[PDB]
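Notes to accompany the following structure.
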C-alpha cells in the first residue's frame, strides 16, 4: 500500500488515479497542453512510477514546467517586437515581425502576417504558414532622396547622394555602368562585357562597384563578386555595326543590404513611359578618367527624325523597334552624356516610382546629335525569366 | 566653355517642359536667397563670388518679363551678358 501519488504542481495529471496502489502497481504522469515533463533539470517524454514492495515509488514525480519555444527565427532584413513580455519566449507569447522600411516591404496576402505566437508544440507559429517565417521583399523604385524637379538654369550636373541609388560602376574591359535590380541582380549593357572591335581573347577581370557617388569611395566600399552572367542571344560581338539585344544580367554571389544609398529600380509595365517628350535622367561617372557621378536630363524624341539624322550622317544605322532615341540636336553638349552603360531613368508621376526605360547601348558619334537606348519594356520577360532561375 | 553649354541645355530643357505644360513660366521667377546660396555652393563657386552671382541672378530674372516658353531662352542670354560663368571653375 504505497501512498497515493500527489501532484507537485497544478498541471501534472495522473492518468487514472487508482483509489489504492499496491505492489507491482504503477501510475503514469502526464502534463497539460503547453507544459512539459521536467524532473530535475532535464526533460522527460513520459513518466511512470511503480511500488518497490517497501511502499516506496522507484522514482519521484516530475515538476511539469512550461514549454519554451526558444529565440524567434531571424527575419532576413527585418526584426521582431515582443507583443507580450520581452525575453519570455515560453507558452502563450506573441511577437510582431516587421521589415526594414522603406528599403524592404513584407509580402501580403495586416496585423495577421507579422504576428507569430508560441504554440503548445514548442515552436513559433502563425495562423497562416506556422513553421515558416515571412519574407521581406525589396522595394524597387521610390528613391529616398529624389532629384529636385524644380530645375533651374544654374544647375550643376553633379549628382548628390541618394538621387540615383541604383547606379553601378564596372571596370571590366572599361568604364561602364548599369542599374541594380532586387538585392542580387545587375542590369547592364551586353557590349560592356563583350568588346565589339577588340573581341578575340578577353582580358578577363570584371569588378563591380556600387553604393556611392565618388569613384574612390566606390572602390573603398568593396568589390562585389559575380556568380552568373546572362547575355541576350541576339547580341553578337563580331558584328561591330549592330547592337541588337544589347542587354545583360549579372548575379551577385551575395545579396547586398539595401539602404538609403543603395536601392533598386522597377521595370516598366505600360508603354506610356516611351511617349515623346518624356524627360529621362541618365547618370554616369564622366569620361576620360573625372570623379563624382554626373547626371543629365534628356527628352525622348521621334524615331523618324532620329532615323533621318542617322541616314543623313552617312551611317550604317542599326535602329529597330526595340530601341528609342533621346536628346535633341539643339543641345550643345555631346551625345555621349549618357556616360557608361547606365540606364535611362524616367519617373512615373502617377505612382512617383522611378523606372528604367532604356539602357545606354550605341552612340556612334561622340560629338553631337541624338543618343540611342534599348527598350527595357520589350526585354522584361527575358529579365524576369533569368531572375527566377 | 562647358558652363555656357550646361546653362543653355538646362534652358532648353526648361523650355521643353514649359511646352509640355509641366513647368509654368511664372513659377520659375521665384527663388529664395537660401536656394541661391545652396546652388552656388553645390556648383562650386567661390564664397566671395556668391554676392556677384546673386546680383546677376536677381538682375537677370528682373530684366526678363516675357511670360512665355521663350523666357528661359532670354534669361540665359542675360546670364551671358553679365559673364556669370567666370565665377565658376
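Protein chains in written order, with full-length UniProt numbering: chain H, 308 to 416, 421 to 600, 604 to 703; chain X, 24 to 112. Idealized CB from N, CA, C, for every residue including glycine.
TODO: Consult DSSP for residue 626 of chain H and reduce its assignment to one of helix, strand or coil.
DONE: helix
Extent of the continuous alpha helix (DSSP H) run through residue 521 of chain H: Note, residue 521 of chain H: premise wrong, no alpha helix (DSSP H); beta strand (DSSP E) at 519–521.
Flag residue 611 of chain H as yes if its beta-carbon sits less than 8 Å from any beta-carbon of chain X, otherwise no. yes
### Query
Taking the C-alpha atoms as reference points, what is the distance between residue 370 of chain H and residue 353 of chain H?
12 Å
- [ ] Have a look at residue 450 of chain H and residue 567 of chain H and give me their C-alpha separation to the nearest angstrom.
- [x] 13 Å
Review point. Where does the unbroken beta strand (DSSP E) through residue 100 of chain X begin, and where does it stop?
Key: That residue, residue 100 of chain X, is in no beta strand (DSSP E); its alpha helix (DSSP H) goes 94–104.
Exercise for the section: Give the DSSP-derived three-state secondary structure of residue 508 of chain H in the structure shown. Expected result: coil
Open item on the list: Given a cut-off of 8 Å on the beta-carbon distance, is the pair residue 638 of chain H and residue 687 of chain H in contact?
Closed with: yes
(message) Give me the chain X residues within the contact set of residue 646 of chain H, using Cβ-Cβ distance strictly less than 7 Å, ordered along the chain.
(response) 28, 31 and 32
Quick one, which of H:678, H:644, H:388 and H:655 has its alpha-carbon nearest residue 499 of chain H's? H:655
So which residues on chain H does residue 65 of chain X lean against when the C-beta distance must stay under 8 Å? 467, 469 and 471
Check: With 8 Å set as the bound, which would you pick, yes or no: does the beta-carbon of residue 380 of chain H sit closer than that to a beta-carbon of chain X?
Finding: no
From residue 422 of chain H to residue 373 of chain H, what does the alpha carbon distance come to, in whole angstroms?
27 Å
Margin query: Closest to residue 470 of chain H by C-alpha separation, out of H:326, H:610 and H:531, would be which residue?
Written below: H:610
* Spatial neighbours of residue 46 of chain X within its chain, please: CB distance less than 8 Å, with the 5 preceding and 5 following residues excluded, ordered by chain position. => 37 and 40
Check: If the cut is a Cβ gap below 8 Å, which residues of chain X does residue 678 of chain H touch?
Finding: Neighbours of residue 678 of chain H on chain X: none; closest Cβ ~21 Å, over 8 Å.
field: Start and end residues, alpha helix (DSSP H) containing residue 63 of chain X
entry: 56–66
Closer than 9 Å by beta-carbon distance: list the chain X residues that pair up with residue 547 of chain H, in chain order.
What residue 547 of chain H touches in chain X: nothing, since even the nearest Cβ is about 35 Å away.
Check your understanding: Taking all protein chains shown into account, do 16 or more other C-beta atoms lie within 10 angstroms of the C-beta of residue 480 of chain H, making it buried, or fewer, making it exposed?
Key -> buried
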